[PDB]
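Count the sequence shown with the authors' numbering and you get residues 31 to 290, 293 to 720, 724 to 740, 743 to 989, 991 to 1044, in order. We put the beta carbon where it would ideally sit given N, CA and C, even for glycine.
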Amino acid sequence: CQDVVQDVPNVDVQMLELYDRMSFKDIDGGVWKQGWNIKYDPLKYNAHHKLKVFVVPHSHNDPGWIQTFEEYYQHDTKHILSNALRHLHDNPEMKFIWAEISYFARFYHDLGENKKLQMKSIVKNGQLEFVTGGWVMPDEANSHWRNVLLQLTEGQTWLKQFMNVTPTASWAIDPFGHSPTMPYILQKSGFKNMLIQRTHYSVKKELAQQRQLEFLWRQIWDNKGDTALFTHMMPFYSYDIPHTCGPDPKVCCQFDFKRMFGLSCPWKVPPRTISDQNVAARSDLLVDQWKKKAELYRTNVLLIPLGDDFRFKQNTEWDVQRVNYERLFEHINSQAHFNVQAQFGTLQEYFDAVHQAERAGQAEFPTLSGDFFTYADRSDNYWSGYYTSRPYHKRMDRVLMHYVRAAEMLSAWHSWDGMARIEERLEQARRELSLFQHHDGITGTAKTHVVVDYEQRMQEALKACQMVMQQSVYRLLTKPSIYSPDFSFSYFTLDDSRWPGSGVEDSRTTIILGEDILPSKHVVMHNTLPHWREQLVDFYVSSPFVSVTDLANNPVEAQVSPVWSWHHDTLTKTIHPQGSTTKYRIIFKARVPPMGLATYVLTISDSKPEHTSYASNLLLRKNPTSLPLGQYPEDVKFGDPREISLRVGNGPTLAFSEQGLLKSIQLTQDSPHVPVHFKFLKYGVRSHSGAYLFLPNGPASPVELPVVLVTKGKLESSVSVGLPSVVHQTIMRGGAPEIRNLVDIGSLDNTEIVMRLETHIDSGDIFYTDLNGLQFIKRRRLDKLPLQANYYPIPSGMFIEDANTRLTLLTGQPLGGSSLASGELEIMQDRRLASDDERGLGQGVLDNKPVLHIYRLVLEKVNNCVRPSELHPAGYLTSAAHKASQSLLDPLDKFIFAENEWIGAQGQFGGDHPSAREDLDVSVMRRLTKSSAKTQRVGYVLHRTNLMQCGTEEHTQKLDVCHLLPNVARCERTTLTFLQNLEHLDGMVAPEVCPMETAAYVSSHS
Ligand SMILES: [Zn+2]
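The following block contains the structure:
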């Protein structure tokens, strides 16, 4: 095994370091606007050192942007691949690369057998080539690493099944910034090489100067060097033909043969058909470009992409590009003076050639670690707005992410008869989720009608996850002797207190109890994590007089709180809460096995149970209306606005300011009231910013201000303020608090609502954000760079720390954030924008809906924690912080029994299940086989995080995922897509995964 805290990795290019050293000066550099005039010695090239040129045709296809997936399919993409099929068939030497399997599958199932076999031919012989082979070309900023794997597996499996192919080269031309989570995943999936485009123009500049655009990209912790994937960064502004042939767009544009008159060259200089008349001169023009570009690479091998957005649509586009290019090649290759071999190639061809050139001693390649955020395409145009854009759907991503994992896991335990339609529903759930991983989905960068389409897809996916989950729970918890299922029937419905969230929609069922009508109700909790988890759960009940027992009929400590619903009187411009008189919240701690189920019973009585406590309700306002709660025991107490100090359990004592905003945290009963000021601030737009670009007009200024609701219970206490736009809540359950905001920006125009945390922590210039919920990276705030440059993705978490203290904020939804000062954390909530970015949308953001954002807040003492070196580019969470994240992203699933009596009800599932070390996670459990298959196969993905040793350790059972199901007959260790066996495990025992490593195993059963 390998240590990731003490031993700082020795890299050629550490990106944080480089960031400290660069000028980031926006120097006009010539025709290559963001570079220089490239000079090459022409006597570099002779017969023994010829230039090898791969011209690589592509179309960039958005699975949704201006148009929906199916719109783009009918209008554009079906034609593209219909021609690719016809042309590559007809033209043996013609090549094409393809990335988006979403469209490829959409096309191939329409094909007519003959067509499928021909499509197979041109794949077999290497003419058509899949690159990455993801369901989509994913966003790398906002996407969770699990969903990155998901989309990958969807596409690559499709490819394995239908095409017999597994791509080992990746292609990422349009993501807005690049994440190291990609090489992490791709290298663990048997990939050999990757390619990126959109990095910061100044980084393109700094790297090109040093011949560092090709590099072995390794993880920020990786000392040993095994995570390292070969990366080709492309050097120019775009992936268009203008920016691909070499440094001069004016030149490059004349070899985009589609442009001769709908399309045209914005350098005024048209392309011209190649003939015997012009060949030699055009050839010279072009070879000079190639050779210029080739100067930026350590080898005499060179990659020339040929295409653009939805290219190769027209039949005649295929001739015009091909024929003209054939003419140039045929010339250049016979003209020995040039010293150039030029041909239509694929991305693998390019890559294999680079390595073959490295075999022949031409180059030794540099090591790089770090990330490629925050991307700027030009001047002070940083793309940090998209970290936040359409935040509803960002939340929705996470919810569905959870529902996918749980539905796959819950149904994994049993083989299912085909009539059950479990496969079909899981297939769809994954696809819809995989689709939203697209760099115009989760980013929030599409048109309104497309965002609508994604929602509908995701809604259907959720509906599908519920069905699979309930059917499964019913099977797992009903005696085999009773189990006699109607696959189409609802045994259970989910309850989700967090999605959409109670302000957002009235979507939660009330359990209706009564002495005559329905005396008691079975509820079931699911725990997807492979450890014992205790967690507070709530349900809506029709009476306060409800007691909780387990199925073993033993009483369970409960709290009843009312059902609060914030109203806005337009009458007053006031944010008042309202009580429900007809429904109540029952809260109790559920204990649930590793990867298991636990049943519970809610029973009514005629009065207060022994073991059910009531919460008091204080409503601080100047001038109250007295407020009925019906049968609720305790009447609402009223008062003038005061400073507050609540505790719950032994877990921390939180002080609140007089308008209900956390003002300090006291950890123990010795520790100081350590100050932590929540503030709300607004940003605006310059007059001198849109769906992609964060363009602020100066520092953020506070929101002008105010009703405060305190609920105080034995299990749970909240503090809830209704400010304009935001209903802010602080919930306390005897650990690190929960922050919920119901954000409605709504009317407020050209505005961006942020959440700041002013602490007296001596962070200085240092903060740490995460990347894809996989890793925490160090960020230095840079005085040189503008504000929006200091904003990073917060997909899951961020933290600041001094020598003694840390404050971590975990999220349940990816947002934008920064530590703009010493002891700050901030994080964007929503953004409404009238102005377009002019990146091709046509709109700003004018479609905002209410969203319930969720957080956790972990203040901690870190002085006796085994801390990484000042030099180390990574951070690592503590137990507390890590569990807080798990609590956000993977909560307990709640199931209410639909009918009146549950004959055959069992109490529990998986009490026999091993309870694995807290730092281990079964990220995926998925059955890989249908019932009508001889051998049942079940894949597992295990991820081991790394946490700070802090003394902090109670013994736990080793988990061997090979033996989680009986009759194991084979356990191979696989690629993360499950598509290739890496290891035969003798004795069918899965070894321990190292910290920061991610393994996948497939177990076979008999
Ligand atoms: Zn795109």
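7 Å CB neighbourhood of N1005 in its chain, flanking five on each side removed
Here the set comprises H1043, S1044.
So, are the CB atoms of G948 and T631 less than 8 Å apart?
no
Using the beta-carbon count (16 or more within 10 Å), is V744 buried or exposed?
buried
Rounded to the nearest angstrom, what separates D930 and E838 at their Cα positions?
33 Å
Classify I940: buried if its beta carbon has 16 or more other beta carbons within 10 angstroms, exposed otherwise.
exposed
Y407 vs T229 beta-carbon contact at 8 Å
yes
Within the present structure, is the beta-carbon of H471 separated from the nearest heavy atom of ligand 1 by less than 7 Å?
Yes, the Cβ of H471 comes within 7 Å of a heavy atom of ligand 1.
Looking at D92 and ligand 3, is the gap between the Cβ and the nearest heavy atom below 7 Å?
With respect to small molecules bound, the structure shown includes ligand 1 and not ligand 3.
Less than 7 Å between the CB of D204 and some heavy atom of ligand 1, yes or no?
yes
Return the residue from the list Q698, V319, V961, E130 that minimises the CA-CA distance to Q367.
Residue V319 is the option with its Cα nearest to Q367.
Suppose contacts are defined by Cβ-Cβ distances below 8 Å. Is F221 in contact with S416 by that definition?
no
Near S401, what residues of its chain come up, given a Cβ to Cβ distance below 8 Å and the 5 sequence neighbours on each side ignored?
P39, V41, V43, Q44, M45, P210, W247, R248, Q249, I250, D252, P910
My parser needs the beta strand (DSSP E) runs of 3 or more residues fully inside the stretch 641-679; what are they?
As summarised for the stretch 641-679, the continuous beta strand (DSSP E) elements at least 3 residues long and confined to that stretch are 644-646, 648-652, 669-671, 676-678, given in chain order.
Contact under 8 Å by Cβ, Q866 with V780
At a Cβ-Cβ threshold of 8 Å, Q866 and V780 count as neighbours.
Look at the alpha carbon of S520 and the alpha carbon of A452, and state the distance between them as a whole number of angstroms.
8 Å
Proximity below 8 Å, CB of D786 to CB of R869:
yes
Give the C-beta separation of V482 and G94 to the nearest angstrom, bearing in mind that I take them to be a contact with Cβ-Cβ under 8 Å.
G94 and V482 do touch by the CB rule: their CB atoms are close to 5 Å apart, below 8 Å.
Which residue's Cα is closest to the Cα of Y133: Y418, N144, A114, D92?
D92
So does the stretch 381-400 actually touch the stretch 255-268, counting three or more Cβ pairs closer than 8 Å?
Contact between the stretch 381-400 and the stretch 255-268 is present: 3 or more CB-CB pairs across the two stretches fall below 8 Å.
How many angstroms separate the CA atom of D927 from the CA atom of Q191?
31 Å
8 Å contact criterion, which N841 and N900 should meet: CB distance rounded
About 5 Å separates the CB atoms of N841 and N900; that is less than 8 Å, so the two are in contact.
Mind checking who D930 pairs with in its DSSP beta bridge?
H558
Count the other CB atoms within 10 Å of the CB of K324; is the residue buried (16 or more) or exposed (fewer)?
buried
The stretch 948-965 contacting the stretch 561-581, beta-carbon criterion three pairs below 8 Å:
yes
Exposure label - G450; buried when at least 16 CB within 10 Å:
That one is exposed.
If you reduce the DSSP assignment to three classes, tell me which class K621 lands in.
Annotated three-state conformation of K621 is strand, per DSSP.
With 16 other CB atoms within 10 Å as the buried threshold, where does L603 fall?
Exposed, since its Cβ has fewer than 16 Cβ neighbours within 10 Å.
Alpha-carbon spacing of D403 relative to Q701, whole angstroms:
42 Å
Is DSSP giving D1024 helix, strand or coil here?
helix
Ordered along the chain, which non-local residues of its own chain (more than five positions away) have a Cβ less than 6 Å from that of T420?
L852, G853, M865, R868
How is the beta strand (DSSP E) around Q375 delimited, first residue to last?
372-376
Distance check for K749 and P551, CA to CA, integer angstroms please.
28 Å
Reduced DSSP category for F836 - H, G, I as helix; E, B as strand; rest coil
strand
Would you mind working out which of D472, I768, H363, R904 sits nearest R530, comparing C-alpha positions?
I768
Any idea if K426 is buried or exposed, counting beta-carbon neighbours within 10 angstroms, 16 or more meaning buried?
Note on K426: 16 or more other CB atoms within 10 angstroms of its CB, so buried under the neighbour-count rule.
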